[PDB]
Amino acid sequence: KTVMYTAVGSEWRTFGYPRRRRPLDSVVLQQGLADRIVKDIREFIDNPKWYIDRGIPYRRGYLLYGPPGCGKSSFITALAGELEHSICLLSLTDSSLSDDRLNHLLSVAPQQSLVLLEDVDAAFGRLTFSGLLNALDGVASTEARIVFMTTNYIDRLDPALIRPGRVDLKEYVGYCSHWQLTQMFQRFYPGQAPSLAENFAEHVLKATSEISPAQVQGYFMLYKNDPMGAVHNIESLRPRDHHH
């Protein structure tokens, strides 16, 4: 299972039921991206002695950035499941949250957890920019701590917030590649000819400029157990205005 924590005052409490792990394979990122992040984070988890020998704070931060519906929240959920880590949901835009409380919350994060700061562009007894920077990477910051940040708008982030030592790895999570379309078709319609996934991908890339994995999921939801339906109705993915 994957345990979710939320902040209640200065302490972390479980949020609802332990959740079924989303399998990492059920999230289709651009080719090699999932492997690169998993390798990076396993190398961090496996090498505390390398950090302590060199006097380096034993912490790592990740930033996933890009358009809505491309896999940021889903990937972090699946990654937590893959690493048997829990997730601490830390809201930076919150009445009770002070610099003092943030420092304490980061210091008492359950072990084997990812601290998740969603939509960190929207932050900027209340939090200050300097409080956030010094909690993430300052004199009092604690060790064995992994932080994930997300944003739709990396251009809005102050460079100081995401410099190495606060964010160690930045990854763009984008609209579907050819490879993501064939991989997603094969996951939703297992045991079809690879040639049929190819047919689907070629035609989607000709009917669209940009398509999110969320749109691809939503389309396959209209053709449950109907792979030929999925391949025949691709013109419906051509963008269409709202009614005015």
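When you see a residue number, it is the position in the sequence shown, counting from 1.
For the stretch from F124 to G125, please bin the deposited residues that the model skips: none, 1 to 3, 4 to 9, or 10 or more.
Missing residues, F124 to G125: 10 or more.
Mean C-alpha temperature factor, higher of 153-161 and 104-112
Comparing 153-161 with 104-112, the higher mean C-alpha B-factor belongs to 104-112.
Mean CA B-factor: is it higher for 125-133 or for 164-172?
So the stretch with the higher mean C-alpha B-factor is 125-133.
Checking the record values for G32, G66, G191, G218, which has the greatest CA B factor?
Of the options given, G191 has the highest CA B-factor in the PDB entry.
From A78, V120, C88, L97, which pick has the Cα B-factor that tops the rest in the entry?
That would be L97, according to the entry.
Based on the entry's values, in what third of the chain does the Cα temperature factor of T93 lie: lowest, middle or highest?
Highest third.
Would you check the entry's CA temperature factor for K206 and let me know if it's in the chain's lowest, middle or highest third?
Tercile = highest for this residue's CA B-factor.
So where's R54 on the chain's Cα temperature factor ranking, which third?
It belongs to the highest third of the chain when residues are ordered by C-alpha B-factor.
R187's Cα B-factor: lowest, middle or highest third of the chain?
Highest third of the chain for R187's C-alpha B-factor.
Would you check the entry's CA temperature factor for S212 and let me know if it's in the chain's lowest, middle or highest third?
Answer is lowest: the recorded C-alpha B-factor places it there.
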